[PDB]
Each structure stands twice: as C-alpha cells, then as structure tokens.
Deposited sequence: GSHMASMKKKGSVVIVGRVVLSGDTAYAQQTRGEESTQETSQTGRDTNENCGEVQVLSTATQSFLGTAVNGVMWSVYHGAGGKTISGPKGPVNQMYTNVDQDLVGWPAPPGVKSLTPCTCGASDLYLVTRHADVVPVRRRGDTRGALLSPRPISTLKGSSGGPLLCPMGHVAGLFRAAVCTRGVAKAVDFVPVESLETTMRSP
C-alpha cells in the first residue's frame, strides 16, 4: 500500500522506488522527490520515520511528488538550455537523447523497450549534470524505443 526506497543510482543519486508489483525511479528536485503516477499512484512513501503523504499529485501529467526523504539530496535544474541530454536508467545506463521539443527527445540509436522498462521517474541530464526533465513514456515501434517523452524540469516546482 506504500512506496519503498529499495536502492539508488549514483550519478547526485536517483532513487529506486518499488511497490508490491512495480519498480521505477524517483528524482529529487527543489526539495521534492518526483516520480510517475502510473508507478506510485497516490501512495505514500514509507520508511523508518513513518509514511509520508504525497504533496503533489497530477494524474493528467502522470506526475507525483513527496517531500524529499531525509538524506535525499535534490539535483540541480538545468538552466543552460541544452538539447543534448542523457537518460539515466535504473541499471545506471546513460542513454544520449536529442531534445526535439518541450517534452520529447529522440534517441541517437534505438534501444529495446526492455532496457528502458522500469526507469520512469529517472532524470534526463544535460552535459553539466543538471536535470532537464523526468522520464515518463517512450515512443515505441516494433518493440524498439526510438524517442522518449518526459516532464520538463520547469514543471517540477514547489507550487
């Protein structure tokens, strides 16, 4: 009934989040751990200090957020306007992406969908290591990922 922190990806650190049936990622920005609604639902984030309710919940945008747990450092938002980005997966893979719009990025080389599965909520990073977006969905054809869809970092604000 809650989301648990089961691991992390060391870049800053991306959180590996899991429910009873699904595992995905969480990215802390502006004091908030952001993730995807299709993974966490409206569930709380659990831990030794007790469950903590989501402070942001947007079903339409597939975006949820909790107050950053103690110790979860926030990543710096990208302000350099880069279009050459890097998707960080739950396996610590860093996949180059060319931004082609406000929420879309093309992959330089198609990757099987199985290799991106479970990395929703992970960050897209600019060449400076700053978070430009948050992995939400993949453009899939013949089971091969050719592009990604992400929540822009600008939408990851407190209010």
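When the deposited sequence is numbered from 1, the segments without any C-alpha atom are 1 to 10, 22 to 51, 200 to 203.
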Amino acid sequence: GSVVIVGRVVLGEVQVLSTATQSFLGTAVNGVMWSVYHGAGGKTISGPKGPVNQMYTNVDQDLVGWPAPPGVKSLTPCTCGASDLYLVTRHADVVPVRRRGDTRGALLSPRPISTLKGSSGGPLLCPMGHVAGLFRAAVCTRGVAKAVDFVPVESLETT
From here on, numbers count along this sequence of modelled residues.
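As listed in the deposited structure, the average C-alpha B-factor of 56 to 64 and of 23 to 31 is greater for 56 to 64. The PDB entry records a higher mean C-alpha B factor for 47 to 55 than for its counterpart among 120 to 128 and 47 to 55. Among the modelled residues of its chain, residue 70 has a C-alpha B-factor that falls in the highest third, as given in the PDB entry. Placement of the Cα temperature factor of residue 14 within the chain: middle third of the modelled residues, per the deposited record.
The deposited CA B-factor of residue 151 belongs to the lowest third of values across its chain. For residue 42, the recorded CA B-factor ranks within the middle third of the chain. Only modelled residues enter the ranking. Ranked by Cα temperature factor within the chain, residue 137 sits in the lowest third according to the deposited record.
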